[PDB]
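Descriptive analysis of the structure
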Amino acid sequence: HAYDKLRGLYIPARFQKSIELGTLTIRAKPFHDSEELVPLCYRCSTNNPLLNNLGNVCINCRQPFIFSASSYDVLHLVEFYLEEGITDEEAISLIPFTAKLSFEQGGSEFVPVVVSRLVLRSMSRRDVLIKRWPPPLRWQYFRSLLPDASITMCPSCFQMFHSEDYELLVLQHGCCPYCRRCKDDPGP
Amino acid sequence: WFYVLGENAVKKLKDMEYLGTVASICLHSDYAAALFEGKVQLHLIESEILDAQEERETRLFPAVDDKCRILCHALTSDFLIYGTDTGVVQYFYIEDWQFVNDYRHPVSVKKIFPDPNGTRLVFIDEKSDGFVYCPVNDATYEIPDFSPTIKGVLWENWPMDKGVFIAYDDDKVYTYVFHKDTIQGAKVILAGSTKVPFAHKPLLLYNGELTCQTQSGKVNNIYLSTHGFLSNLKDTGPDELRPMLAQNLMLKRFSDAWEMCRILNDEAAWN
Amino acid sequence: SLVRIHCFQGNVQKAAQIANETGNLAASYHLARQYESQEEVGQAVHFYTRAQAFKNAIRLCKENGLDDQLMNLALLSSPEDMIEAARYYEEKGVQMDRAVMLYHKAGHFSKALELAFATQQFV
């Protein structure tokens, strides 16, 4: 499918030579894709086709995918929204969720996950990531659905990573690979 | 009878007997393809008995035992290719041991000639009409002015000229260019003709130099008339260089065409 | 990249010498992961500590029951991580001396007193 899409574009000569051999050598191979590559939606447990017309959203629940800024794997995170009349400071002071994610499946459009004081009290601070944007932006809240697979987030740019990748990238670069904040730099 | 082309010596491997008179045979990779009773046998040239599946040592085509007879075949780095009396052209991929393309022509396919990879084919039909077939988009392009006297076809092995091929008979070679990528869409064009000395048989085309076998057993090289510009331009100035320029423009070799226009120093040649 | 290629060639000792002599954090981290894969827990924790990657060393200690090396990691870390380590010992009930010592070293007298009451640690 990618070699047929390339034939709709103005290919340069270096890539053209490799694409002629590449087109034969793929058309030769089997007519299926490896199941281990197919991305899972963690909200609805649906396997998503490797390219789709809707883009970086689940084909079933239309949940936006959240990606590791090291590797672009989908991150076992679901974004959620506070119920009306809860402040960001109250939400942190408070910090059932899976039982919302099982109920909302099969709709025609994206529905945001809305979270009450009772559900916030049932969370743990180890599982929750919070993007503390400067004003005028509101803070964004995310729940990890696999606590045993650790996620780290940059305090400057709020990009998300597997923790092992983030520590290795910060050791390689001496700083966050996306926004160049050093590990020793006190935040704003 | 099969032989290994080692660096220090040539060794006879084996002799093999087929079910009828062999019309033709082709070799590539570890494999040979032989045509006899209107059926093709594909087989290994070398067999090691341990750790291989028996169905990969040899296979017979057409493998479903259809009523169609194979009239011609070819073998590349990746593909067995063949043409039938029912006008079918089929590609079989050797590494995963499976069919991968099928085309039907309105009449039988009499001969076939792939490029060095297999991505273009020339085929000759029952009316002796020549066609370029592109399995990669399943399209066919009729070869213009194709003589019914044509005995065979050779593709150019030079990197700038991948779309160039030649068709030949006992007296002449015809030079053809398949233009794949152009704003008008893909087409075959006759670039010219070269007279061949009596009973010379073409074997290899490289950079417009055609190597032929003679009746004496020796080889001889013929530069194509479509390639006369490859001679040393500076001593005739514009006269060999103007046909070089035209051909280098058409082959997209614009770094060569620049040095040619630098020699001419004409505002028209730059335009 | 030197430690990576020496580790790939199977020369782990020369890699360790380079990591020890240079003090490079990324090299010490990579070497620690190789030792982790080889199940050499003590050398792995040492090079994770040399890499300042305290969380991997803490996890590897908790999985292997290295409560002694977890105490060294706690005493090198902040008072909050001393308290989290005290709590891990308090949850086992086996190392209540290290738990009360870490609450007292962290300056948290109310919980040091509540836990020294609960463990009857008169000293």
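Structure determination for this PDB entry is given in the record as cryo-EM, at a resolution of 3.5 Å.

Per the header of the deposited record, the title is "Structure of the IFT-A complex; anterograde IFT-A train model".

The name given to chain B in the PDB entry is WD repeat-containing protein 19, with the source organism recorded as Homo sapiens.

Below, the discussion takes up the overall build of chain C. Secondary structure assignment for chain C yields 9 helices and 0 strands. Its helices and strands taken in sequence order, chain C reads α-α-α-α-α-α-α-α-α from the N to the C terminus. Rg of the C-alpha trace for chain C: 18 Å, well past the compact-globule value of 14 Å for 123 residues, more than 25% over. Principal axes of the C-alpha set define a box for chain C whose edges measure 55 × 25 × 20 Å. Within chain C, the fraction of its 123 residues that count as buried is 39%. For chain C, long-range pairs separated by at least 24 residues make up 31% of all intrachain contacts whose partners lie at least 6 apart in sequence.

This part covers the packing of helix α1 (residues 238–250) of chain B against helix α2 (residues 254–264) of chain B. Residues and elements named next belong to chain B. Look at α1 against α2: their axes get within 9 Å of each other, and the N-to-C directions meet at 150 degrees. Classified by chirality, the crossing of α2 by α1 is left-handed. For the pair α1 and α2, contact is made by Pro238, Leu241, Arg242, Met244, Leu245, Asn248 and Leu249 and by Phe254, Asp256, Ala257, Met260, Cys261, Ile263 and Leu264, respectively. Taken together, the residues that form the contact of α1 with α2 break down as 11 nonpolar, 1 polar and 2 charged.

What follows deals with the layout of surface pockets. Within this model, the second largest pocket holds a volume of roughly 1,400 Å³. In terms of lining residues, the second largest pocket is bounded by 44 residues, among which A:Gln16, B:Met160, B:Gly163, B:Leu251 and B:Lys252 are the most central. Breaking the lining of the second largest pocket down by element, the ones donating at least two residues are α2 (13–27) of chain A together with β17 (172–179), β18 (187–195) and α1 of chain B. Of the residues in the lining of the second largest pocket, the class split is 23 nonpolar, 11 polar and 10 charged.

Right, let's talk about the pairing of strand β15 (residues 152–155) of chain B for a bit. Consecutive residues of a regular strand have side chains that alternate between opposite faces of the sheet. All names here are of chain B. Burial along β15 is two-sided: the residues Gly152 and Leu154 and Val153 and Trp155 are all buried. Across 4 bridges, β15 lies against strand β16 (residues 164–168) in antiparallel orientation. If you follow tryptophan 155 over to β16, its bridge partner there is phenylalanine 165.

It is worth spelling out the interface of chain A and chain C at this point. Note: interface size is frequently given as the accessible area lost on complex formation between the parts. On the side of chain C, 7 residues touch chain A, which itself brings 4 residues to the contact. With both chains or domains summed, chain A and chain C bury close to 600 Å², and 50% of this area falls on carbon and sulfur atoms. Contact with chain C buries area across many residues of chain A, yet A:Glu164, A:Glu167 and A:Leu171 alone supply 70% of it, more than any other trio. Run the count over chain A and chain C and you get 3 residue pairs in polar contact. In terms of residue class, the side of chain A that touches chain C is built from 1 nonpolar, no polar and 3 charged.

Calculation criteria
Residues numbered from 1 in each chain as written, not as in the entry; some residues may be left out. Chains lettered and ligands numbered in written order. Part of a larger assembly, values for the part shown. Heavy atoms only, no water. Helix = DSSP H or I, 4+ residues; strand = E, 2+ residues; numbered from the N terminus. Rg over C-alpha atoms; globule rule 2.2 N^0.38 Å. Buried < 20%, exposed > 50% of the residue type's maximum accessible area, 1.4 Å probe, protein only. Contact = heavy atoms within 4.5 Å. Axes fitted to C-alpha atoms, helices over the stretch in contact; angles between N-to-C directions. Left-handed = near helix turned anticlockwise from the far one by under 90°. Nonpolar A, V, L, I, M, F, W, Y, C, P; charged D, E, K, R; others polar. 1 Å grid on protein atoms, 1.4 Å probe; cavity = no way out; pocket = protein on both sides within 12 Å on 5 of 7 lines; lining within 4 Å. Points joined across faces, edges and corners; volume = space filled by probe spheres on them. Pairing = 2+ DSSP bridges. Buried area = accessible area lost by both parts, 1.4 Å probe. Polar contact = N/O pair within 3.5 Å; in protein donor to acceptor, adjacent residues only side chain to side chain.

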